$ cat data22.cif   # mmCIF, C-alpha atoms
data_input
loop_
_atom_site.label_atom_id
_atom_site.label_comp_id
_atom_site.auth_asym_id
_atom_site.auth_seq_id
_atom_site.Cartn_x
_atom_site.Cartn_y
_atom_site.Cartn_z
CA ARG A 1 58.27 82.89 125.04
CA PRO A 2 59.36 84.37 128.40
CA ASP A 3 56.54 85.83 130.48
CA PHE A 4 58.12 89.30 130.50
CA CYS A 5 57.31 89.46 126.78
CA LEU A 6 53.63 89.78 127.71
CA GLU A 7 54.21 92.94 129.73
CA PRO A 8 53.28 96.30 128.20
CA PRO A 9 56.18 98.55 127.10
CA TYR A 10 57.69 100.52 130.00
CA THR A 11 58.86 104.05 129.22
CA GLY A 12 60.16 104.60 132.74
CA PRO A 13 60.69 107.78 134.84
CA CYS A 14 63.69 109.23 132.96
CA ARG A 15 63.02 111.84 130.31
CA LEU A 16 65.06 111.24 127.17
CA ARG A 17 63.39 110.07 123.95
CA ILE A 18 64.99 107.00 122.42
CA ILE A 19 63.27 104.41 120.24
CA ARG A 20 63.31 100.81 121.45
CA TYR A 21 61.43 97.66 120.50
CA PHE A 22 58.97 95.59 122.49
CA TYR A 23 56.99 92.48 121.72
CA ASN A 24 53.30 93.36 121.42
CA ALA A 25 51.80 90.01 122.43
CA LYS A 26 48.34 91.09 121.28
CA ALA A 27 49.63 91.76 117.76
CA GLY A 28 52.23 89.01 117.82
CA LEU A 29 54.69 91.53 116.42
CA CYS A 30 57.67 93.48 117.72
CA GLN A 31 56.98 97.21 117.52
CA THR A 32 58.73 100.42 118.55
CA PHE A 33 58.00 102.61 121.57
CA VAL A 34 59.57 105.52 123.42
CA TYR A 35 61.94 104.51 126.21
CA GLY A 36 62.79 107.18 128.80
CA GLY A 37 66.37 106.12 129.47
CA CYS A 38 66.35 104.28 132.80
CA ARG A 39 64.90 101.36 134.76
CA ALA A 40 64.05 99.43 131.59
CA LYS A 41 62.10 96.19 131.89
CA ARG A 42 62.96 93.05 129.93
CA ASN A 43 60.47 93.68 127.12
CA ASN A 44 62.79 96.37 125.78
CA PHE A 45 65.14 95.71 122.85
CA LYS A 46 67.58 97.68 120.70
CA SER A 47 66.51 95.97 117.46
CA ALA A 48 63.48 94.19 116.02
CA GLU A 49 65.74 91.18 115.40
CA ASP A 50 66.71 90.77 119.06
CA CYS A 51 63.09 91.34 120.10
CA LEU A 52 61.87 88.62 117.74
CA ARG A 53 64.61 86.14 118.64
CA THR A 54 63.79 86.56 122.32
CA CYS A 55 60.00 86.98 122.28
CA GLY A 56 58.85 85.67 118.91
CA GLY A 57 58.63 81.95 119.61
CA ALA A 58 55.41 80.52 121.02
CA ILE B 1 57.46 120.33 127.77
CA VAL B 2 53.79 120.05 128.76
CA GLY B 3 51.67 123.14 129.36
CA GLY B 4 54.47 125.37 128.12
CA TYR B 5 54.79 127.87 125.28
CA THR B 6 56.93 128.45 122.19
CA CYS B 7 60.11 130.15 123.39
CA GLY B 8 60.88 133.53 121.88
CA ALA B 9 63.08 133.36 118.79
CA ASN B 10 66.59 132.80 120.15
CA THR B 11 65.55 133.48 123.75
CA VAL B 12 67.28 130.26 124.83
CA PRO B 13 70.70 130.41 123.08
CA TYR B 14 72.35 128.05 125.57
CA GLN B 15 69.94 125.21 124.74
CA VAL B 16 71.36 122.40 122.60
CA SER B 17 70.12 119.07 121.26
CA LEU B 18 71.99 115.78 121.66
CA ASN B 19 71.63 113.74 118.48
CA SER B 20 72.14 110.06 117.66
CA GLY B 21 70.31 109.93 114.34
CA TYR B 22 67.60 112.15 115.77
CA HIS B 23 66.98 114.32 118.83
CA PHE B 24 66.94 112.29 122.04
CA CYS B 25 68.16 114.64 124.80
CA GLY B 26 68.66 118.31 125.55
CA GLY B 27 71.76 119.99 126.94
CA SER B 28 73.24 123.31 128.08
CA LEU B 29 76.28 125.02 126.58
CA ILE B 30 78.58 126.23 129.37
CA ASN B 31 81.37 127.52 127.09
CA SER B 32 82.60 127.33 123.48
CA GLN B 33 83.48 123.62 123.68
CA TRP B 34 81.59 122.12 126.61
CA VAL B 35 78.00 120.96 127.13
CA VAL B 36 76.29 119.86 130.35
CA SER B 37 73.58 117.18 130.17
CA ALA B 38 72.11 114.26 132.12
CA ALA B 39 74.21 111.15 132.75
CA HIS B 40 71.42 108.91 131.45
CA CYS B 41 71.79 110.72 128.11
CA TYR B 42 75.17 109.10 127.49
CA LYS B 43 75.48 107.27 124.16
CA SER B 44 78.45 106.72 121.86
CA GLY B 45 78.80 108.87 118.75
CA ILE B 46 76.73 111.77 120.05
CA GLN B 47 76.51 114.89 117.91
CA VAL B 48 75.45 118.23 119.33
CA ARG B 49 73.05 120.53 117.47
CA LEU B 50 73.14 124.22 118.45
CA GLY B 51 71.58 127.56 117.51
CA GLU B 52 68.27 126.49 115.99
CA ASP B 53 64.79 126.73 117.52
CA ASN B 54 63.42 124.31 114.93
CA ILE B 55 64.62 120.76 115.57
CA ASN B 56 64.05 119.44 112.02
CA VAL B 57 65.66 122.08 109.79
CA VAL B 58 68.94 121.16 108.11
CA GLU B 59 71.32 123.85 106.85
CA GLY B 60 69.33 126.52 108.65
CA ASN B 61 71.06 128.47 111.41
CA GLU B 62 72.09 125.34 113.30
CA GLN B 63 75.53 123.82 113.86
CA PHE B 64 76.27 120.10 114.11
CA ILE B 65 79.41 119.36 116.11
CA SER B 66 80.49 115.84 117.10
CA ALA B 67 81.19 115.04 120.74
CA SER B 68 84.89 114.26 121.22
CA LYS B 69 84.48 113.32 124.88
CA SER B 70 81.42 112.33 126.93
CA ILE B 71 82.20 112.20 130.64
CA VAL B 72 79.46 110.84 132.88
CA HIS B 73 79.76 111.62 136.59
CA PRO B 74 81.87 108.79 138.09
CA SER B 75 79.22 108.09 140.74
CA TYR B 76 76.17 108.14 138.48
CA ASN B 77 73.81 105.41 139.70
CA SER B 78 71.42 104.24 136.97
CA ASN B 79 69.09 102.78 139.59
CA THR B 80 68.72 105.63 142.09
CA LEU B 81 69.49 108.23 139.41
CA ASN B 82 71.80 109.96 141.91
CA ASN B 83 74.49 112.16 140.29
CA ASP B 84 72.63 112.34 136.97
CA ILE B 85 75.01 114.72 135.17
CA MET B 86 77.38 114.45 132.21
CA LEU B 87 79.88 116.67 130.41
CA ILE B 88 80.39 116.62 126.65
CA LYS B 89 83.36 118.22 124.89
CA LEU B 90 82.79 119.38 121.31
CA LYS B 91 85.26 118.27 118.63
CA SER B 92 85.61 121.92 117.59
CA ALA B 93 84.58 125.26 119.10
CA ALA B 94 81.11 126.62 118.36
CA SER B 95 80.36 130.21 117.27
CA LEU B 96 78.97 132.03 120.31
CA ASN B 97 76.40 134.74 121.14
CA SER B 98 73.86 135.37 118.36
CA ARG B 99 71.80 132.17 118.58
CA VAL B 100 74.43 130.25 120.54
CA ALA B 101 75.53 131.54 123.94
CA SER B 102 76.74 129.79 127.09
CA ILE B 103 74.83 129.75 130.38
CA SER B 104 76.61 130.74 133.58
CA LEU B 105 77.07 128.21 136.38
CA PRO B 106 75.60 129.06 139.81
CA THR B 107 77.68 130.54 142.63
CA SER B 108 75.12 129.40 145.19
CA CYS B 109 72.08 127.11 145.29
CA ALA B 110 68.63 128.53 144.55
CA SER B 111 65.80 128.55 147.09
CA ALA B 112 62.31 127.07 147.07
CA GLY B 113 59.82 129.36 145.36
CA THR B 114 62.46 130.74 143.00
CA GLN B 115 60.96 130.96 139.51
CA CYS B 116 62.99 129.22 136.80
CA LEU B 117 62.84 128.62 133.05
CA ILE B 118 62.76 125.06 131.74
CA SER B 119 63.03 124.27 128.03
CA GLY B 120 63.25 121.41 125.55
CA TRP B 121 61.82 119.67 122.49
CA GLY B 122 60.15 116.94 124.54
CA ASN B 123 56.58 115.63 124.54
CA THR B 124 53.89 118.29 125.00
CA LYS B 125 51.16 115.88 126.08
CA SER B 126 50.80 114.43 129.58
CA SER B 127 48.82 111.43 128.34
CA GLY B 128 49.09 111.37 124.55
CA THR B 129 52.13 111.93 122.35
CA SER B 130 52.94 115.11 120.44
CA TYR B 131 56.54 116.18 119.86
CA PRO B 132 57.04 119.84 118.75
CA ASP B 133 59.04 121.20 115.82
CA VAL B 134 60.08 124.27 117.80
CA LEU B 135 61.66 124.72 121.23
CA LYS B 136 59.15 124.93 124.09
CA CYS B 137 59.49 126.94 127.31
CA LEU B 138 58.01 126.74 130.80
CA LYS B 139 58.08 128.92 133.91
CA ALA B 140 58.14 126.76 137.03
CA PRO B 141 59.05 127.46 140.68
CA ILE B 142 61.46 125.35 142.72
CA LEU B 143 59.55 123.27 145.26
CA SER B 144 60.50 122.79 148.91
CA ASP B 145 62.65 119.74 149.60
CA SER B 146 59.87 118.85 152.03
CA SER B 147 57.14 118.54 149.39
CA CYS B 148 59.62 116.94 146.98
CA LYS B 149 60.35 114.08 149.37
CA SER B 150 56.66 113.73 150.22
CA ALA B 151 55.88 113.40 146.52
CA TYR B 152 58.62 110.79 146.01
CA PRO B 153 59.22 109.04 149.38
CA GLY B 154 62.72 107.57 149.62
CA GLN B 155 63.69 108.66 146.09
CA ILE B 156 65.08 112.18 146.49
CA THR B 157 68.79 112.53 147.24
CA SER B 158 70.61 115.71 148.22
CA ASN B 159 71.61 116.02 144.55
CA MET B 160 68.04 116.44 143.34
CA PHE B 161 65.26 118.99 143.63
CA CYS B 162 61.67 119.30 142.43
CA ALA B 163 60.25 122.06 140.25
CA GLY B 164 56.81 122.58 138.77
CA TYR B 165 53.26 122.42 140.11
CA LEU B 166 51.73 119.76 142.37
CA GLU B 167 48.39 120.37 140.65
CA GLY B 168 49.81 119.00 137.41
CA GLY B 169 49.42 120.39 133.91
CA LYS B 170 52.90 121.94 133.64
CA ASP B 171 56.10 119.89 133.56
CA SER B 172 59.04 118.69 131.46
CA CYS B 173 58.64 115.31 129.71
CA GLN B 174 60.37 112.62 127.61
CA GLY B 175 62.65 114.33 125.13
CA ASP B 176 63.55 117.08 127.61
CA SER B 177 66.16 115.14 129.61
CA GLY B 178 69.53 116.84 129.98
CA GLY B 179 67.88 120.18 129.32
CA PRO B 180 68.38 123.38 131.38
CA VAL B 181 66.54 124.74 134.40
CA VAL B 182 67.62 128.38 134.56
CA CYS B 183 66.89 130.48 137.63
CA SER B 184 67.93 134.15 137.58
CA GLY B 185 70.36 133.68 134.71
CA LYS B 186 72.04 130.68 136.34
CA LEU B 187 71.95 126.97 135.45
CA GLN B 188 70.58 125.37 138.62
CA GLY B 189 69.01 122.23 137.17
CA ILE B 190 69.14 119.49 134.55
CA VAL B 191 65.98 117.68 133.39
CA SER B 192 66.19 114.17 134.86
CA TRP B 193 63.07 112.20 135.80
CA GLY B 194 59.55 112.06 137.15
CA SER B 195 56.54 109.77 137.53
CA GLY B 196 54.81 110.27 134.21
CA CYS B 197 54.46 113.86 132.96
CA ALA B 198 52.50 116.78 134.44
CA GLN B 199 50.64 114.48 136.84
CA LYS B 200 49.17 115.65 140.14
CA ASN B 201 51.54 115.40 143.10
CA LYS B 202 54.25 114.19 140.72
CA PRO B 203 56.49 117.19 139.92
CA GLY B 204 59.62 117.03 137.79
CA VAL B 205 62.87 116.01 139.46
CA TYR B 206 66.08 117.77 138.42
CA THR B 207 69.80 117.35 139.04
CA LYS B 208 71.04 119.99 141.50
CA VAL B 209 73.80 121.68 139.52
CA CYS B 210 75.00 123.95 142.34
CA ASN B 211 76.37 120.74 143.86
CA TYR B 212 78.64 119.97 140.89
CA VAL B 213 80.23 123.33 140.02
CA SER B 214 83.61 122.17 141.31
CA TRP B 215 83.35 118.88 139.42
CA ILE B 216 82.44 120.72 136.21
CA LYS B 217 85.27 123.25 136.41
CA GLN B 218 87.94 120.69 137.27
CA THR B 219 86.73 118.24 134.63
CA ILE B 220 86.84 120.94 131.94
CA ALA B 221 90.30 122.06 133.07
CA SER B 222 91.70 118.52 132.97
CA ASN B 223 90.28 117.50 129.59
#
$ encode --input "data22.cif" --output "structure tokens"
Amino acid sequence: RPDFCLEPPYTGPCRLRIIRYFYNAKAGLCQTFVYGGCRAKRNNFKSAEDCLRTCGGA
Amino acid sequence: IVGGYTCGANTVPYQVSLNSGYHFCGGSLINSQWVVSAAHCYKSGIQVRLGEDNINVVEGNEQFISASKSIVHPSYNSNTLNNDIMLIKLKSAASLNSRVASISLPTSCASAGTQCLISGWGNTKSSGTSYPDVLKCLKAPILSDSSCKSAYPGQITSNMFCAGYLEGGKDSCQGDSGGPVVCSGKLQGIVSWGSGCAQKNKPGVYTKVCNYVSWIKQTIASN
């Protein structure tokens, strides 16, 4: 999996509250987190499916 | 809103909630069919919720009206966050006054030190996570452009201003974006961004509405 998948979820500086998915490398599972709306990092997905397809593989 | 307090029942009638399945941004009603919010709050299929302090109640005193048009400022920059403002037209007119009234646009910009009212249904914890069921309010003064730029070197444009306390403890937070910053009965700011929430030397940054009055009026008149 890409190295960015190992980075912790990044909420960012903006202040909206929208649910996004991130790959939790420690749990080996894609989970949800609160994204702030701007300056998203790559470990930020709009669905568990996309998160898994991108970060699931070893 | 962190370090704030439960707003008085219907004390913030111009406050609205932008919904996309659930509350994600705040907004300010400027007339019967137009709402002002942050540009980063743009999403397709937005529905506006008005007139209800409690964000979860359905069939209470609230009104759900679909957005028919969502116009983001044409120069919004998602990297610098410059020009972070958006206009939303409601599909139908909302019932005004009682628990739903518009907020007047400024005729002139406010000054540092001016006390303002910030509100929203955002996070109430600076470190943890606790979203409220009722609308929260906060009294915060506008900070000098000088201390704003010192707090965020190279990040503050002429279309932004800081409000809050450098000591931390009081500030807007995730879930408050797009919300109003009212100073002396005038909409001078829009919740935009900040480094974390309620952190020392990291005050909230807000869109400077007084700089877009002309854009707002002309946009509303042409659409």
$ residues_around --input "data22.cif" --residues "residue A:27" --least-positions-apart "3" --cutoff "12 Å" --atoms "only C-alpha atoms" --output "list in words"
residues 6, 8, 22, 23, 24, 30, 31 and 56 of chain A
$ resolve_selection --input "data22.cif" --expression "the PyMOL selection byres ((chain B and resi 189-205) around 6)" --output "VMD selection string"
(chain A and resid 13 to 15) or (chain B and resid 126 151 161 to 164 166 to 171 173 177 to 181 187 to 188 206 to 209)
$ closest_residue --input "data22.cif" --among "B:71, B:101, B:140, B:25" --to "residue B:48" --atoms "all atoms listed in the file"
B:25
$ resolve_selection --input "data22.cif" --expression "the PyMOL selection byres ((chain B and resi 99) around 10)" --output "list in words"
residues 9, 10, 11, 12, 13, 14, 15, 50, 51, 52, 53, 61, 62, 95, 96, 97, 98, 100 and 101 of chain B
$ residues_around --input "data22.cif" --residues "stretch 47-54 of chain A" --least-positions-apart "2" --cutoff "10 Å" --atoms "all atoms listed in the file" --output "PyMOL selection string"
chain A and resi 1-2+5+19-23+28-32+42-45+56-57
$ interface_residues --input "data22.cif" --of "chain A" --to "chain B" --cutoff "9 Å" --atoms "only C-alpha atoms" --output "list in words"
residues 11, 12, 13, 14, 15, 16, 17, 18, 19, 34, 35, 36, 37, 38 and 39 of chain A
$ build_atoms --input "data22.cif" --residues "stretch 34-57 of chain A" --atoms "N, CA, C and O atoms" --output "JSON list (two decimals), keeping the file's coordinate frame"
[["chain", "number", "residue", "atom", "x", "y", "z"],
["A", 34, "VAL", "N", 58.63, 104.57, 122.85],
["A", 34, "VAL", "CA", 59.57, 105.52, 123.42],
["A", 34, "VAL", "C", 60.04, 105.09, 124.80],
["A", 34, "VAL", "O", 59.23, 104.92, 125.72],
["A", 35, "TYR", "N", 61.34, 104.89, 124.94],
["A", 35, "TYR", "CA", 61.94, 104.51, 126.21],
["A", 35, "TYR", "C", 62.52, 105.79, 126.81],
["A", 35, "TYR", "O", 63.11, 106.59, 126.10],
["A", 36, "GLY", "N", 62.32, 105.98, 128.12],
["A", 36, "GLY", "CA", 62.79, 107.18, 128.80],
["A", 36, "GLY", "C", 64.25, 107.23, 129.21],
["A", 36, "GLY", "O", 64.72, 108.28, 129.64],
["A", 37, "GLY", "N", 64.96, 106.11, 129.12],
["A", 37, "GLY", "CA", 66.37, 106.12, 129.47],
["A", 37, "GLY", "C", 66.85, 105.36, 130.70],
["A", 37, "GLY", "O", 68.04, 105.10, 130.83],
["A", 38, "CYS", "N", 65.94, 105.01, 131.61],
["A", 38, "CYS", "CA", 66.35, 104.28, 132.80],
["A", 38, "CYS", "C", 65.30, 103.31, 133.32],
["A", 38, "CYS", "O", 64.12, 103.42, 133.01],
["A", 39, "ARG", "N", 65.76, 102.36, 134.13],
["A", 39, "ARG", "CA", 64.90, 101.36, 134.76],
["A", 39, "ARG", "C", 64.08, 100.54, 133.76],
["A", 39, "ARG", "O", 62.93, 100.19, 134.02],
["A", 40, "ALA", "N", 64.70, 100.21, 132.63],
["A", 40, "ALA", "CA", 64.05, 99.43, 131.59],
["A", 40, "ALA", "C", 63.64, 98.05, 132.10],
["A", 40, "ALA", "O", 64.28, 97.49, 132.99],
["A", 41, "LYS", "N", 62.57, 97.52, 131.53],
["A", 41, "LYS", "CA", 62.10, 96.19, 131.89],
["A", 41, "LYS", "C", 62.64, 95.28, 130.79],
["A", 41, "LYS", "O", 63.23, 95.75, 129.83],
["A", 42, "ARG", "N", 62.44, 93.97, 130.93],
["A", 42, "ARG", "CA", 62.96, 93.05, 129.93],
["A", 42, "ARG", "C", 62.34, 93.11, 128.54],
["A", 42, "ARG", "O", 62.99, 92.74, 127.56],
["A", 43, "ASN", "N", 61.10, 93.57, 128.43],
["A", 43, "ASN", "CA", 60.47, 93.68, 127.12],
["A", 43, "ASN", "C", 60.89, 95.03, 126.55],
["A", 43, "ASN", "O", 60.07, 95.93, 126.35],
["A", 44, "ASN", "N", 62.19, 95.14, 126.29],
["A", 44, "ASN", "CA", 62.79, 96.37, 125.78],
["A", 44, "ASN", "C", 64.03, 95.94, 125.01],
["A", 44, "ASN", "O", 64.99, 95.43, 125.60],
["A", 45, "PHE", "N", 64.01, 96.12, 123.69],
["A", 45, "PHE", "CA", 65.14, 95.71, 122.85],
["A", 45, "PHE", "C", 65.67, 96.82, 121.95],
["A", 45, "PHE", "O", 64.95, 97.75, 121.60],
["A", 46, "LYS", "N", 66.93, 96.69, 121.56],
["A", 46, "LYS", "CA", 67.58, 97.68, 120.70],
["A", 46, "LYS", "C", 67.43, 97.40, 119.20],
["A", 46, "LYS", "O", 67.92, 98.17, 118.37],
["A", 47, "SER", "N", 66.75, 96.31, 118.86],
["A", 47, "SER", "CA", 66.51, 95.97, 117.46],
["A", 47, "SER", "C", 65.32, 95.02, 117.36],
["A", 47, "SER", "O", 65.03, 94.27, 118.30],
["A", 48, "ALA", "N", 64.63, 95.06, 116.23],
["A", 48, "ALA", "CA", 63.48, 94.19, 116.02],
["A", 48, "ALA", "C", 63.97, 92.74, 116.04],
["A", 48, "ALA", "O", 63.30, 91.85, 116.57],
["A", 49, "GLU", "N", 65.15, 92.52, 115.46],
["A", 49, "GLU", "CA", 65.74, 91.18, 115.40],
["A", 49, "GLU", "C", 65.90, 90.55, 116.78],
["A", 49, "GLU", "O", 65.48, 89.41, 117.00],
["A", 50, "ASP", "N", 66.50, 91.28, 117.71],
["A", 50, "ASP", "CA", 66.71, 90.77, 119.06],
["A", 50, "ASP", "C", 65.36, 90.54, 119.75],
["A", 50, "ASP", "O", 65.19, 89.58, 120.49],
["A", 51, "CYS", "N", 64.42, 91.45, 119.51],
["A", 51, "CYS", "CA", 63.09, 91.34, 120.10],
["A", 51, "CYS", "C", 62.40, 90.07, 119.62],
["A", 51, "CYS", "O", 61.81, 89.34, 120.42],
["A", 52, "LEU", "N", 62.49, 89.81, 118.33],
["A", 52, "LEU", "CA", 61.87, 88.62, 117.74],
["A", 52, "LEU", "C", 62.55, 87.33, 118.19],
["A", 52, "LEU", "O", 61.87, 86.35, 118.51],
["A", 53, "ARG", "N", 63.88, 87.33, 118.22],
["A", 53, "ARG", "CA", 64.61, 86.14, 118.64],
["A", 53, "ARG", "C", 64.31, 85.78, 120.09],
["A", 53, "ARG", "O", 64.29, 84.61, 120.45],
["A", 54, "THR", "N", 64.06, 86.79, 120.91],
["A", 54, "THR", "CA", 63.79, 86.56, 122.32],
["A", 54, "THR", "C", 62.31, 86.32, 122.65],
["A", 54, "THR", "O", 61.99, 85.47, 123.47],
["A", 55, "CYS", "N", 61.43, 87.08, 122.00],
["A", 55, "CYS", "CA", 60.00, 86.98, 122.28],
["A", 55, "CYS", "C", 59.10, 86.43, 121.18],
["A", 55, "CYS", "O", 57.90, 86.24, 121.40],
["A", 56, "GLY", "N", 59.66, 86.16, 120.01],
["A", 56, "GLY", "CA", 58.85, 85.67, 118.91],
["A", 56, "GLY", "C", 58.26, 84.27, 119.04],
["A", 56, "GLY", "O", 57.08, 84.07, 118.76],
["A", 57, "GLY", "N", 59.08, 83.32, 119.47],
["A", 57, "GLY", "CA", 58.63, 81.95, 119.61],
["A", 57, "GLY", "C", 57.48, 81.72, 120.57],
["A", 57, "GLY", "O", 57.42, 82.32, 121.64]]
